[PDB]
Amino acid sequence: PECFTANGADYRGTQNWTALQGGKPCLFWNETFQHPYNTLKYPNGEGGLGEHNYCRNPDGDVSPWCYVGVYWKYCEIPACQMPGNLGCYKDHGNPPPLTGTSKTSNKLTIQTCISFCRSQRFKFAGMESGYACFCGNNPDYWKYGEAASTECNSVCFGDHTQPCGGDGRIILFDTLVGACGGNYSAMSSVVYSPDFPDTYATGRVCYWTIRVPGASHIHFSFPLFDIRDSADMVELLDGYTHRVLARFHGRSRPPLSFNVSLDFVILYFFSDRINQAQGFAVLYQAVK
């Protein structure tokens, strides 16, 4: 996976066509001087612009894009799909792709939808048309077929940096995403900060247990780590002893990655009441 955000703001791969099939080539960011976004407005490489023509998302749009009057287009990047975004699917009406429950909200975000469905004990949450939230446990949310991820790019009504599906198009998420806690026993998975992909709420204490029977060690990486405060903190505890193995906060970041020689770890997050930020994504991989 090359993206651990919902809008691929963290994408830093080398796709430079709007689509791998039938796409247009991207312009170079160090020559797009007519346009708002180019390397001269953003020295220091902010949002990943540089001396290339690779798809990027520097302005908080819903997906990566590039300059190509249609002077820019979204890129359809298959590897850029955060873990837990299960895809964009067609919704032909009756029955719907998820059959559990639904609501509409003028402030819908991915997480407010996810959160609504999770509450009600549903496995899957789907957003359509920017404002409609569908929940379900149905395994066959793909019933009407997959759609290009670009057909799910309506802005969420509550957050314009986030995609919320489309007309007859539903963007699907596992409701574990951004839960405040959870048990993980898979060989490898990703854990997101609470409320992800919204910024994390103030005053959260959340922990997740990672227990992989038979592991000799577990490898941790933090492909996303955007925690604001010395007071916000992410901690890994030894599961058996509760000893704090590592403490990360806004002023002491994680190495690319590191290994813990345990089969049982507890990841804790504490959020203060000062400033919120995008949060984190931790990828763990157990090794036998």
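Residue numbers here begin at 1 and follow the sequence given.
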Next item on the list: Can you count, per the entry, how many deposited residues between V68 and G69 come without coordinates? Answer none, 1 to 3, 4 to 9, or 10 or more.
Entry: 4 to 9
Next item on the list: Between 163-171 and 214-222, point out the one with the higher average CA B-factor as the PDB entry records it.
Entry: 214-222
Note to self: So, looking at the entry's B-factor column for Cα atoms, which has the higher mean, 261-269 or 10-18?
What the structure shows: 10-18
Check: Based on what the PDB entry reports, which of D232, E235, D59, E46 has the top C-alpha B-factor?
Finding: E46
Note to self: Per the entry's values, where does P96 land by CA temperature factor relative to the rest of its chain, in the lowest, middle or highest third?
What the structure shows: highest
Checklist line | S189 - Cα temperature factor, lowest/middle/highest third of chain | finding: middle
Check: What third of the chain, by the recorded C-alpha B-factor, contains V287?
Finding: highest
Margin query: Looking at the temperature factor on the CA atom of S129, which third of the chain's modelled residues does it land in?
Written below: middle
Next item on the list: Divide the modelled residues of the chain into thirds by Cα B-factor and specify which third, lowest, middle or highest, holds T199.
Entry: middle
